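Numbering of ligands and ligand atoms starts at 1, following listing order. So that the names make sense, note that chain A is the first sequence line, chain B the second, and so on, each numbered from 1.
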Amino acid sequence: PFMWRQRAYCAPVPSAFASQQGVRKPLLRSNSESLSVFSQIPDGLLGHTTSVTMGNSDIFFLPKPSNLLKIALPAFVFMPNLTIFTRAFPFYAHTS
Amino acid sequence: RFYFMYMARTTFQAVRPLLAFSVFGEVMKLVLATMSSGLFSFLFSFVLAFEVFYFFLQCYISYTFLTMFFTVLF
Amino acid sequence: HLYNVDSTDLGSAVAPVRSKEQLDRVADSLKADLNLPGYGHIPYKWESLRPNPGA
Amino acid sequence: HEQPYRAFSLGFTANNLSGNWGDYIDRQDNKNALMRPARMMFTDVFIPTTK
Amino acid sequence: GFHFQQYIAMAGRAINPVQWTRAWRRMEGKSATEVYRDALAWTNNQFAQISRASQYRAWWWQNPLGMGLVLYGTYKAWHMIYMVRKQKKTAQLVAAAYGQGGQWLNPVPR
Amino acid sequence: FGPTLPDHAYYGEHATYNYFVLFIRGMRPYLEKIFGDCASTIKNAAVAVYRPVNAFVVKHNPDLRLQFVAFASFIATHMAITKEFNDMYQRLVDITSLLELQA
Amino acid sequence: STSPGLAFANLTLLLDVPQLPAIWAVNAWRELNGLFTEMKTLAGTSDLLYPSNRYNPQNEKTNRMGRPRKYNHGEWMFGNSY
Amino acid sequence: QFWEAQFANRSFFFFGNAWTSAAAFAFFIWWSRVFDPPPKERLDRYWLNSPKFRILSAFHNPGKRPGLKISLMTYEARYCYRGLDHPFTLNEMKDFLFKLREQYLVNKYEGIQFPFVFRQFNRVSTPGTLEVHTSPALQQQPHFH
Amino acid sequence: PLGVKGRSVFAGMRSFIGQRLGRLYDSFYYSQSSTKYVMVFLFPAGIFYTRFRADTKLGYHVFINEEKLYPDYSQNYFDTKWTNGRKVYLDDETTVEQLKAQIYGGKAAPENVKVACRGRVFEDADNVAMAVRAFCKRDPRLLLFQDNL
Amino acid sequence: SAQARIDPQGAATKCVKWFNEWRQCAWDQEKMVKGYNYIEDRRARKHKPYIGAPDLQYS
Amino acid sequence: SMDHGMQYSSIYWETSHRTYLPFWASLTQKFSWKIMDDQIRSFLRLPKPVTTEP
Amino acid sequence: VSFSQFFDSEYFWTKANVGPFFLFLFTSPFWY
Amino acid sequence: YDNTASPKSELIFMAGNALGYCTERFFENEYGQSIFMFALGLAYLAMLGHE
Ligand SMILES: CCCCCCCCCCCCCCCCCC(=O)OC[C@H](COP(=O)([O-])OCC(O)COP(=O)([O-])OC[C@@H](COC(=O)CCCCCCCCCCCCCCCCC)OC(=O)CCCCCCCCCCCCCCCCC)OC(=O)CCCCCCCCCCCCCCCCC
Ligand SMILES: CCCCCCCCCCCCCCCCCC(=O)OC[C@H](COP(=O)([O-])OCC(O)COP(=O)([O-])OC[C@@H](COC(=O)CCCCCCCCCCCCCCCCC)OC(=O)CCCCCCCCCCCCCCCCC)OC(=O)CCCCCCCCCCCCCCCCC
Ligand SMILES: CCCCCCCCCCCCCCCCCC(=O)OC[C@H](COP(=O)([O-])OCC(O)COP(=O)([O-])OC[C@@H](COC(=O)CCCCCCCCCCCCCCCCC)OC(=O)CCCCCCCCCCCCCCCCC)OC(=O)CCCCCCCCCCCCCCCCC
Ligand SMILES: CCCCCCCCCCCCCCCCCC(=O)OC[C@H](COP(=O)([O-])OCC(O)COP(=O)([O-])OC[C@@H](COC(=O)CCCCCCCCCCCCCCCCC)OC(=O)CCCCCCCCCCCCCCCCC)OC(=O)CCCCCCCCCCCCCCCCC
Ligand SMILES: CCCCCCCCCCCCCCCCCC(=O)OC[C@H](COP(=O)([O-])OCC[N+](C)(C)C)OC(=O)CCCCCCCCCCCCCCCCC
Ligand SMILES: CCCCCCCCCCCCCCCCCC(=O)OC[C@H](COP(=O)([O-])OCC[N+](C)(C)C)OC(=O)CCCCCCCCCCCCCCCCC
Ligand SMILES: CCCCCCCC/C=C/CCCCCCCC(=O)OC[C@H](COP(=O)(O)OCCN)OC(=O)CCCCCCC/C=C/CCCCCCCC
Ligand SMILES: CCCCCCCCCCCCO[C@@H]1O[C@H](CO)[C@@H](O[C@H]2O[C@H](CO)[C@@H](O)[C@H](O)[C@H]2O)[C@H](O)[C@H]1O
Ligand SMILES: CCCCCCCCCCCCO[C@@H]1O[C@H](CO)[C@@H](O[C@H]2O[C@H](CO)[C@@H](O)[C@H](O)[C@H]2O)[C@H](O)[C@H]1O
C-alpha cells in the first residue's frame with residue numbers, strides 16, 4: 001500500500017474506473033484476484049474430481065508350450081535362504 | 001562396503017547389454033540420419049552387422065557373470 | 001441503500017433441486033450469453049462404430 | 001519431498017531419457033540438431049503439414 | 001504355418017452377414033462347452049498337422065530359418081495392421097488434446 | 001583358559017537334513033488339515049452361490065443363442081444406465097466449463 | 001546361502017527386519033493415543049477435539065491454533081463462544 | 001506341485017531358484033503395497049504428469065482438452081488431501097491462466113491451430129484457391145551506428 | 001495321531017513357546033560375549049530409539065542468520081561448533097522461547113532474536129508446531145535472526 | 001532495485017512474487033489469530049510407500 | 001486471419017512408444033458415484049453440506 | 001458343540017472343521 | 001537452506017529411503033505394472049524350463 005502507480009497487480013480493474021455498471025455483482029475488483037484460482041470460477045466438484053476412477057487393462061495370459069522345449073533354463077535367486085544358517089547370516093552375508 | 005561393491009558390479013553387468021543396444025544404437029541412428037550417399041551406406045551396413053555381433057557378445061558376457069553372481073551353494 | 005441490490009428479493013431460502021431440465025436451461029443461457037463460435041466443435045474423433053468412443 | 005517427479009520410460013525398444021519435450025508452455029524439440037532433418041525416420045507413423 | 005488363404009476365407013465368411021443367419025440356425029440345440037471344444041479341437045488339428053508334416057514335407061516358403069520366418073511375418077503383419085493403426089489414432093488424439101508430444105511433457109515447475 | 005564353546009555353537013547344521021526342513025515336514029499334517037478345511041469352506045460357499053444361479057439361468061435360457069441374447073441385453077442395459085448417470089455428471093461438468101469460459 | 005547378486009536383499013533385510021518391532025510399537029502407541037483421546041472425548045470437553053489431528057491445544061483461554069481467544073474476557077448469555 | 005515343493009529342501013516359499021520360488025516371490029510383491037496405486041495425497045507426485053493418465057483423459061474426453069481439469073485435479077490433490085492452503089506457485093498459476101486462455105481461444109475461433117494454441121489436426125478447411133507468397137522481410141528497426 | 005484327548009491347543013502353544021524360549025536362552029549362553037551382547041541389545045535398542053523418534057516425534061531443520069548469533073558450544077563435548085541445518089526433535093507443546101533456550105543452552109541469548117519460516121516471523125508465545133502448520137506447511141526449516149529494524 | 005519509477009511493468013514482473021507471499025502470510029496470520037482449523041481425515045493405508053521407509057511427522 | 005488455420009506442425013508417433021489402450025477401450029466408458037451418493041444421502045437423511053443454505 | 005470339546009486337540013485336529021476359524025483368524029485385521 | 005544435515009544414526013534408513021523412492025517413482029505406476037509382468041514372466045520361464 002505504498003507505490004500505487006508502480007504496483008498495478010494490486011490495482012483495480014479498468015471496469016472500476018468507469019463509474020457505471022436480486023443481488024448485483026460487486027463494483028470494485030482488483031487485479032490481485034488473478035492470483036487465485038477459485039476467485040471467479042466456482043469450487044464445484046472440487047474434491048470429487050480425483051474420485052472418478054478407471055480400472056487397468058492388462059491381461060496376464062500367455063500359453064506355455066513345454067512340448068517345444070527339452071532343456072532346462074536358468075532361474076534367478078530372489079532372496080537369501082534364511083531357513084539354513086539363520087544365526088550366522090549377519091556374519092557371512094558379506095562374503096561370496 | 002561389500003554389499004555396495006556387489007550391487008555396483010551386478011548393475012553394471014545387467015545394464016551392459018542395454019547400453020550396447022541403446023547408446024550405440026543412438027550413434028548408428030545419428031549416422032543414418034546424416035548419411036545420404038550409397039558408398040558410405042554400403043560401408044556402414046558392415047558397421048551395423050558388427051554392432052549386432054557385439055551386442056550378442058555383451059549378452060554372453062553378462063549371462064556368464066550373472067550365473068556366477070546368482071549361484072548359491074545351499 | 002446499504003446493500004448492492006436492485007430489488008428486495010434476495011432469492012429463495014432453500015437451494016434448488018437437481019433437475020436435468022434446469023441444468024440444460026442454465027447451460028443454454030450461458031451459451032447464448034457467451035456467443036462463442038467454436039463450442040462443440042470436434043476436430044478429431046477416435047474412429048469407431050460407436051458415436052462417442054470412451055464417454 | 002514436495003517437488004514432483006518426471007515420467008520414466010526405459011526399455012530395449014524405447015525410452016524418454018534421450019530427449020526433453022519441455023513444459024506445457026516452454027516446449028522444445030526432443031531430437032537434437034543432427035537428426036531433426038530426419039525426424040520421419042524415428043516414427044512409426046507420420047502425418048505431414050498442410051501447405 | 002499353413003493355410004493362410006483358408007484363414008482369410010474364413011474371416012471373409014465370418015464377416016458375411018448371411019453366414020450370421022446360418023450360424024444362428026446352426027446354434028439351435030448347442031452348448032457353449034461344445035462350441036469351445038470344437039474351436040479348441042480345430043486349433044489343435046492345425047498345430048498337429050504342422051508338427052506331423054514338418055517332419056517330411058516342405059512348403060513353398062521353406063527357408064534356412066524354417067517356420068520361424070513365417071511366424072515373424074505373421075507377427076509383423078499383425079503389428080503393422082493393428083498396433084500401428086492404434087498408434088496413429090492415439091497420436092492424433094494426443095495432438096488434438098495436448099499437442100504433439102503432450103504425453104511426455106515435464107511436470108509444471110514449482 | 002581352554003575352550004568355553006562347543007562345536008555346534010560354530011559349525012553350520014546339516015545341509016540336507018536341517019532344523020527348518022525337519023520342522024516343516026513335521027508340521028505338514030496340521031497345515032494340510034488347516035488349508036484343506038479353508039479351501040473346502042470357500043469352495044462349498046462358491047458352489048452354493050453358483051448352482052442356483054446357473055439353474056435359474058438355464059431354466060429360462062436353455063440354449064446357447066438364448067444365453068448370448070441375454071448376455072447382450074445385460075451388457076446393453078448396463079451401458080444405458082451408466083450413460084444416464086454419465087449424462088447427468090456431464091451436464092454438471094459442462095456448466096463448470098461454461099463458467100470457466102465466462103471467467 | 002547368499003551371493004553378490006543378493007546384496008540388495010541382504011542389505012534390505014539387515015536394515016529393515018530389526019525395525020519391525022519398532023514399527024509395531026509405533027502402531028500400538030498410536031492405537032493407545034487414539035483410545036485415550038476417545039475416552040477423553042466421551043468424558044467431555046469444553047471445545048471439541050479433532051481426533052486425527054496431531055495436536056489439540058484449544059481450551060477456554062486458547063484458540064485451536066495455540067493463540068489466545070479474542071473477545072473472551074467477559075461472559076456471554078449463550079454460554080461458550082464456540 | 002507347489003505344495004510339495006514347500007517341504008523339499010531349498011524350495012520353501014520364495015527361497016531357492018525354483019519356479020515355485022519365482023511364483024511365491026511374485027505373489028509376495030503383489031501382496032505387498034509397493035505396486036498398489038498411490039493415495040490422493042500423493043497423486044500429483046507422478047500420476048497426474050503421467051503419459052498413461054494424459055492419454056486416458058484425452059481418450060475418454062473425445063473432443064476436449066483436459067489440461068485445465070488436470071490443473072484443477074492437482075490443486076485438489078494438494079489442497080483437500082495434503083493440507084496445503086497455497087498449492088500453486090507463480091509458475092503453476094501462470095500455467096492455469098495459460099490453459100484458461102487457450103480454452104477461451106479454442107471456443108472463440110473455430111479451427112485455431114498450433115501457432116496460437118498448442119493443437120494440431122489434419123482435417124482442416126481451406127478456401128479452395130490457396131495462394132502462396134513470400135513473407136515480407138523483417139522490419140528494419142533503427143539502431144545506433 | 002494328531003492331538004491327544006484332555007489336552008488343549010492352548011496348552012500346546014504354551015509348551016511350544018516354552019521350548020522356543022529355553023532354546024533361545026541356551027543359544028545365547030553358548031555364544032561369544034564379544035558379539036552377542038552387542039547384536040542382541042545395543043543395535044536393537046539404538047534402532048528402536050531412532051525409528052520410534054522419527055516415526056513419532058516431529059523435527060525441524062534449524063539455521064541461524066549470522067555467525068555472531070551462534071551459541072557457545074566450546075565447553076560441551078562432541079559438539080564444539082554450531083552447524084546450520086541442524087535437525088532438532090521437539091514436543092508438540094514446545095514454544096519459541098523453549099526452542100531458543102534449548103538452542104542457546106539455557107544461557108543469555110542475544111537481544112531481539114526471533115524465529116522465521118519461509119519469511120514469516122513467529123511470536124515468542126506461539127506453539128512451534130501450529131506456527132509451522134500455519135506458515136510453512138511441510139517445510140519446517142526455521143531461521144533464527146536478529147530483529148532490530 | 002528494479003527501478004519501478006522508470007520501468008514499472010518490468011519491476012512488477014519481479015516483485016509480484018513477494019506480493020503473493022505477503023498475501024499468503026496475511027491469510028496465515030488471520031487464521032492463527034481467528035482459530036480456523038479443519039477435520040483431518042484418518043491416515044491413508046499407503047501413507048508410506050514402503051514399510052521400511054520412515055514416516056517423518058509433519059505438523 | 002486466425003480461424004480455420006492449416007496444420008503448421010507434423011503429427012507423428014515415435015517408434016515403440018506405448019499407447020495404454022486395449023481393443024475394447026472404445027466400449028469402455030467413465031462413471032462417477034456422485035449422483036448415486038447424492039440420491040442415497042437424500043433418501044437416508046444423511047448430513048447435508050452447508051452449501052445448501054444460501 | 002461346546003467351546004472346550006471343540007478346542008480339544010483330538011476333536012480339533014480330527015473331526016472339527018477349522019476352516020471358518022482359521023479364515024476369521026486370517027481376516028482379523030479386516031474386521032478390526 | 002539446502003544444507004539440511006541429519007543425524008548419522010538415520011543412515012539405517014538408507015535402504016528404506018531407496019525403496020521408497022523407487023516405489024514413488026516406478027513401482028506404483030505403469031512402469032511398475034510392467035515390472036510386475038516381468039516378474040510373472042520370470043516365473044513363467046522357470047516353469048517352462050522345469051517342464
Ligand atoms: C491370416 C490370419 C487371419 C487373418 C484374419 C484375421 C482378422 C479377422 C477379423 C476380420 C474382421 C475385420 C472387420 C472388417 C469389417 C470392417 C471393420 C474393420 O475392419 O475395422 C477394423 C480395423 C480398423 O478399425 P477402425 O479404422 O479403427 O474403425 C472402426 C474400428 O475398427 C472398430 O470400431 P470400435 O473401435 O468401436 O471397436 C472396438 C472393439 C470392437 O471389438 C470388440 O469389442 C471385441 C472384438 C473381439 C471379438 C472376439 C471374438 C468373440 C468370440 C465369442 C465366442 C467366444 C467362445 C468361442 C471361442 C473360444 C476361443 C477358444 O475392438 C475392435 O475393434 C476389434 C477389432 C479387431 C481388428 C482385427 C485385428 C486383427 C488385425 C489383423 C491381424 C493380421 C494377422 C496376420 C495376418 C497374416 C496374413 C499374411 O481394421 C482391421 O482390423 C483390418 C483387418 C485386416 C484383416 C487382414 C487379414 C490378413 C490379410 C493380409 C493381407 C495382405 C496385406 C496385409 C499387410 C501385411 C502383409 C504381410
Ligand atoms: C505388398 C507386400 C508387402 C505387404 C505389406 C508389408 C508387410 C510386411 C510383413 C510381411 C509378412 C508376410 C506374411 C508372412 C506369413 C505367411 C504368408 C504366406 O506365406 O501366405 C500368403 C498367401 C499364400 O497362401 P498359402 O497358405 O501359402 O497357400 C498358397 C495357395 O495354395 C496358392 O498356391 P500357389 O502355388 O498357386 O502360390 C503360392 C503363393 C506364391 O507366392 C510367391 O511365391 C510369390 C510369387 C512371386 C515371387 C516374387 C514375390 C515378390 C514380388 C512379386 C509379388 C509382389 C507382391 C508381394 C508378395 C509378398 C509375398 C511373397 O501364392 C501367393 O502367395 C500369391 C502372392 C502374390 C499375390 C500377388 C497379388 C498382386 C496384387 C498386388 C499388386 C502387385 C504387387 C505390388 C507391389 C508390391 C511390392 C511390395 O498368399 C496370399 O496372399 C493368398 C491370396 C489369396 C487371394 C486373395 C485375393 C487376391 C489379393 C492378392 C493379394 C493377396 C495378399 C498379398 C499382399 C501382397 C500384395 C499387395
Ligand atoms: C528374446 C527374449 C527371450 C527372453 C524373454 C525375456 C522377457 C521375460 C519377461 C516377459 C516379458 C515382459 C516384458 C514387459 C512387458 C511390458 C510390455 C507389454 O507387455 O506390452 C507391450 C505392448 C504395447 O502395446 P500398447 O500399444 O501399449 O497397448 C497396450 C494394451 O494394453 C494392449 O493392446 P491390445 O489389447 O490392443 O493387444 C491385444 C491383442 C491380442 O489380444 C488377444 O488376442 C488376447 C490373447 C488371446 C491369446 C489366445 C488366442 C490365440 C488364438 C490363436 C489361434 C489362431 C489360429 C491358429 C492358426 C495356426 C497356424 C498359424 O488384441 C488384438 O490385437 C485384437 C484381437 C482381439 C480378439 C482377442 C480375443 C479373441 C481371441 C480368440 C480369437 C477369436 C477370433 C474371432 C474373430 C471374430 C469371428 C466372428 O502390448 C502389446 O502389444 C500386447 C499384445 C502383445 C502381443 C505380441 C505378439 C507376440 C505374442 C507371442 C509372444 C511370445 C510367444 C512365446 C511362445 C508362446 C506362444 C506359442
Ligand atoms: C535414480 C536411479 C534410477 C536408476 C534406474 C532404475 C530403474 C527402475 C528400477 C528397476 C528395478 C529392476 C526391475 C527389473 C527390471 C525391469 C524390467 C522391466 O520391467 O521391463 C520394462 C521394459 C518395458 O517397459 P515399457 O515401459 O512398457 O517399454 C515400452 C514398451 O516395452 C514398448 O513396447 P513395444 O512397442 O516395443 O512392443 C514390444 C513387443 C515385443 O514383442 C515381441 O518381441 C514378440 C515378437 C515375437 C515374434 C515371433 C512370434 C512367433 C510366435 C507365433 C505364435 C503362433 C502364431 C500366432 C499368431 C499371433 C502371434 C504372432 O511387445 C512385447 O514386449 C511382448 C512382451 C510379452 C510377451 C513376452 C514373450 C516371452 C516369451 C519368451 C520365450 C522364451 C523362449 C526360450 C527359448 C530358449 C532357446 C531354446 O522392458 C522392455 O525392455 C520391453 C521389451 C522386453 C523384451 C521382450 C522380448 C521378448 C521376445 C521373445 C521372442 C521369443 C522368440 C524365441 C526364438 C528363439 C527360438 C527359435
Ligand atoms: C494368521 C495368518 C497366518 C498365515 C501364515 C501362517 C500359515 C497359515 C497356517 C496356520 C499357521 C499356524 C500353523 C500351526 C501348526 C502347528 C500345529 C501343531 O500341532 O503344533 C504342535 C502343537 C503342540 O502340540 P502338543 O505337543 O501340545 O501335543 C501334541 C503332541 N504330538 C504332536 C506329539 C502329538 O500343537 C498345538 O497346540 C497347536 C499349535 C498351533 C496353534 C498356534 C498357531 C501358531 C502360529 C502362531 C505363533 C504364535 C504362538 C503364540 C500365539 C499366542 C496367541 C495369544
Ligand atoms: C518377508 C521377510 C522374510 C525374511 C525373514 C524375516 C524373519 C526372519 C529373519 C531372520 C534373519 C536374521 C537372523 C539373524 C540372527 C542373528 C542374531 C544372533 O544370532 O545373535 C548373535 C549371536 C552370535 O553368536 P556367536 O558370536 O557366538 O557366533 C555367531 C556366528 N559366528 C560363529 C560365525 C561368529 O548369536 C547367538 O549366539 C545368540 C542367538 C540366539 C539369541 C537371539 C536373540 C534373543 C536372545 C534372548 C535371550 C536373552 C537371554 C539373556 C540372559 C542374560 C544372562 C546370560
Ligand atoms: C540385476 C540385479 C537386480 C536385483 C534386484 C532384486 C531386488 C530384490 C530385493 C527385493 C526383496 C527385498 C526383501 C524386502 C523385505 C523387507 C522386510 C520385510 O519383510 O518387509 C515385508 C514387506 C511387506 O510389507 P507390507 O507392504 O506392509 O505388507 C502389506 C500386506 N498387504 O515386503 C515388501 O515390502 C516387498 C518388497 C518388494 C521389493 C521390490 C520389488 C522389486 C521387483 C523385483 C522383481 C523384478 C525382477 C528383479 C530381478 C531379479 C533378481 C534376482
Ligand atoms: C540408466 C542409464 C542406463 C540406460 C540408458 C538409457 C538410454 C540412454 C539415452 C541415450 C543417451 C544419449 O542421449 C543423447 O545425448 C543427450 C541425452 O540427454 C541428448 O542431447 C540433447 O540433450 C543434452 C542435454 O544434456 C544437450 O546438451 C544436447 O545439446 C541435446 O542435443 C541427445 O538428444 C541424445 O541423443
Ligand atoms: C495393545 C494396543 C493394540 C496393539 C495392536 C496394534 C495394531 C495397530 C496397527 C493397525 C494398522 C494401523 O494403521 C493406521 O494407524 C492408526 C491406527 O493404529 C490410524 O491412525 C489414524 O487413527 C488413529 C486412531 O487410533 C489416530 O490416532 C491417528 O491420528 C489417525 O492417523 C490409521 O487409521 C490406521 O490405518
Exercise. Taking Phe35(H) as the fixed residue, which of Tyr31(M), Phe27(M), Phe26(M) is the one that meets the ring pair (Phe, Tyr, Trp, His ring centres under 6.0 Å) rule?
Worked result: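 Testing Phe35(H) for a ring pair (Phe, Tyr, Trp, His ring centres under 6.0 Å) against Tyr31(M), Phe27(M), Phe26(M) leaves exactly one candidate, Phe27(M).
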
Problem set entry | Contacts of type side-chain hydrogen bond (donor to acceptor under 3.5 Å, both in side chains), residue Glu31(G), not counting sequence neighbours |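 Checked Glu31(G) against side-chain hydrogen bond (donor to acceptor under 3.5 Å, both in side chains); matches are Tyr32(L).
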
Exercise. Considering only heavy atoms of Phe23(K), which atoms of ligand 3 have at least one such atom less than 4.0 Å away?
Worked result: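 The list of qualifying atoms is 35 (O), 36 (O), 61 (O).
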
For this session: For this output row, return yes or no: ring centroids of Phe78(A) and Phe14(H) closer than 6.0 angstrom.
Result: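 No, the ring of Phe78(A) stays outside the 6.0 Å limit from the ring of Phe14(H), centre to centre.
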
For this session: Determine whether the aromatic ring centres of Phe36(M) and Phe60(A) lie less than 6.0 Å apart.
Result: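 Yes, the ring of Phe36(M) comes within the 6.0 Å limit of the ring of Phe60(A), centre to centre.
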
Problem set entry | Neighbour count >12 (heavy atoms, 6.0 Å) for atom CZ, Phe4(E) |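 More than 12 heavy atoms, drawn from other residues, nucleotides or ligands, come within 6.0 Å of this atom.
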
Tabulated below should be the N or O atoms of ligand 7 paired with protein N or O atoms at under 3.5 Å; can you produce that?
| unit_1 | atom_1 | unit_2 | atom_2 | d |
| --- | --- | --- | --- | --- |
| ligand 7 | 26 (O) | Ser32(H) | OG | 3.0 |
| ligand 7 | 26 (O) | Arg33(H) | N | 3.3 |
| ligand 7 | 26 (O) | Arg33(H) | NE | 3.2 |
| ligand 7 | 27 (O) | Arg33(H) | NE | 3.3 |
| ligand 7 | 27 (O) | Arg33(H) | NH2 | 2.5 |
| ligand 7 | 31 (N) | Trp31(H) | O | 2.8 |
| ligand 7 | 34 (O) | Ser32(H) | OG | 2.9 |

Taking the inter-plane angle between the rings of [X] and [Y] on a 0 to 90° scale, is it parallel (under 30°), tilted (30 to 60°) or perpendicular (over 60°)?
X: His17(K); Y: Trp13(K); result: perpendicular
X: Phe2(E); Y: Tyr7(E); result: perpendicular
X: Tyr21(M); Y: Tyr5(D); result: perpendicular

Exercise. Which salt bridge (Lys or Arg N to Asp or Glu O under 4.0 Å) pairs, counting each pair once, include a residue from residues 18-46 of chain M, with sequence neighbours left out?
Worked result: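 Of all non-adjacent pairs touching residues 18-46 of chain M, those that pass salt bridge (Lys or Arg N to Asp or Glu O under 4.0 Å) are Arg42(H)-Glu24(M), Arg42(H)-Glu28(M), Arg45(H)-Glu24(M), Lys46(J)-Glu28(M).
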
Problem set entry | Ion pair check, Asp55(J) and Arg43(J), cut-off under 4.0 Å |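 Salt bridge between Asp55(J) and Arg43(J), a charged N being under 4.0 Å from a carboxylate O: yes.
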
Exercise. Under 3.5 Å, side chain of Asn16(D) to main-chain N/O of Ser9(D), donor-acceptor pair present?
Worked result: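 Pair found, side chain donor or acceptor close to backbone of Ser9(D).
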
For this session: Answer yes or no for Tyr7(E): is there a heavy-atom contact with ligand 3 below 4.0 Å?
Result: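 The answer is yes, since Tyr7(E) has a heavy atom less than 4.0 Å from ligand 3.
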
Within the protein, flag every N or O under 3.5 Å from an N or O of ligand 4, and note the pair and distance.
| unit_1 | atom_1 | unit_2 | atom_2 | d |
| --- | --- | --- | --- | --- |
| ligand 4 | 36 (O) | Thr13(D) | OG1 | 3.0 |
| ligand 4 | 36 (O) | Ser16(K) | OG | 3.4 |
| ligand 4 | 83 (O) | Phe12(D) | N | 3.1 |

Problem set entry | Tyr82(E) and ligand 3 - part of the residue with a heavy-atom distance under 4.0 Å |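 For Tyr82(E), the contact with ligand 3 is made by the side chain alone.
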
